[PDB]
Amino acid sequence: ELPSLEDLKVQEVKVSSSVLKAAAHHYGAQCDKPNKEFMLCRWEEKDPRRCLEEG
Amino acid sequence: XXXXXXXXXXXXXXXXXXXXXXXXXXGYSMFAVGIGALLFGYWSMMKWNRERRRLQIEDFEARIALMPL
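Residues numbered from 1 in each chain as written, not as in the entry; some residues may be left out. Chains lettered and ligands numbered in written order. Part of a larger assembly, values for the part shown. Heavy atoms only, no water. Residues with missing side-chain atoms left out of burial classes, pairs and counts.

- As documented in the archive entry, the model was determined using cryo-EM at 5.6 Å resolution.

So this is what it looks like as structure tokens:
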């Protein structure tokens, strides 16, 4: 299958509890360039193994 | 002196009087309030559903905004 490394990506994932993220819709306006480029990579190439660098 | 049961009529209690009569409702006037409540009913309800649309699009926007999810 050839899986990704044990170190993986992102150190200390997620901020805190849920609903907190859903409370602010300002996350759409500010910081959109990394979110859209990850979205553009993932629909073109369905594999999570390739577009993990953008994530 | 002789004392017997005495006769008394006074008002005669009114022999056969009609009590049933038309009250409140007339006919055509009830339809003006009846269908009038319906037209007021839809107009008040549909304005709330347009206000629901303000919430609806904003709710689905949260999913699009959340990509780390």
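### Comments concerning the overall build of chain B
Here is step 1: When helices and strands are tallied, chain B shows 1 helix and 0 strands.
Here is step 2: Expected size for 69 residues packed as a compact globule is a radius of gyration near 11 Å; at 34 Å, chain B overshoots this value by more than 25%.
Here is step 3: The principal-axis extent of the C-alpha atoms belonging to chain B is close to 115 × 30 × 10 Å. (Helix = DSSP H or I, 4+ residues; strand = E, 2+ residues; numbered from the N terminus. Rg over C-alpha atoms; globule rule 2.2 N^0.38 Å.)

### Some details on the UniProt feature "disulfide bond" in chain A
Here is step 1: In this model the sulfur atoms of A:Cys41 and A:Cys51, a pair UniProt annotates as disulfide-bonded, sit 2.0 Å apart, close enough for the bond to be present. With A:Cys41 in helix α2 (residues 33–44) and A:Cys51 in the segment after α2, this pair connects stretches of sequence that are 10 residues apart. (Disulfide = S-S within 2.5 Å. UniProt positions renumbered as here; feature names shortened; annotations may be inferred.)

### Topic: the interface of chain A and chain B
Here is step 1: Tallying the contact residues gives 7 residues for chain A and 5 residues for chain B.
Here is step 2: In terms of residues, the side of chain A that touches chain B owes the most to one element, α2(A), which gives 3 residues.
Here is step 3: For the side of chain A that touches chain B, the per-class residue count stands at 3 nonpolar, 3 polar and 1 charged. (Contact = heavy atoms within 4.5 Å. Nonpolar A, V, L, I, M, F, W, Y, C, P; charged D, E, K, R; others polar.)

### What about the state of the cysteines?
Residue and element names in this part refer to chain A.
Here is step 1: Disulfide partner of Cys41: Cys51, at an S-S distance of 2.0 Å. Judged by the sign of its S-S torsion, about -70°, the bond between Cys41 and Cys51 is left-handed.
Here is step 2: Here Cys31 is not disulfide-linked; the sulfur of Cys41 is the nearest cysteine sulfur, at 16 Å.

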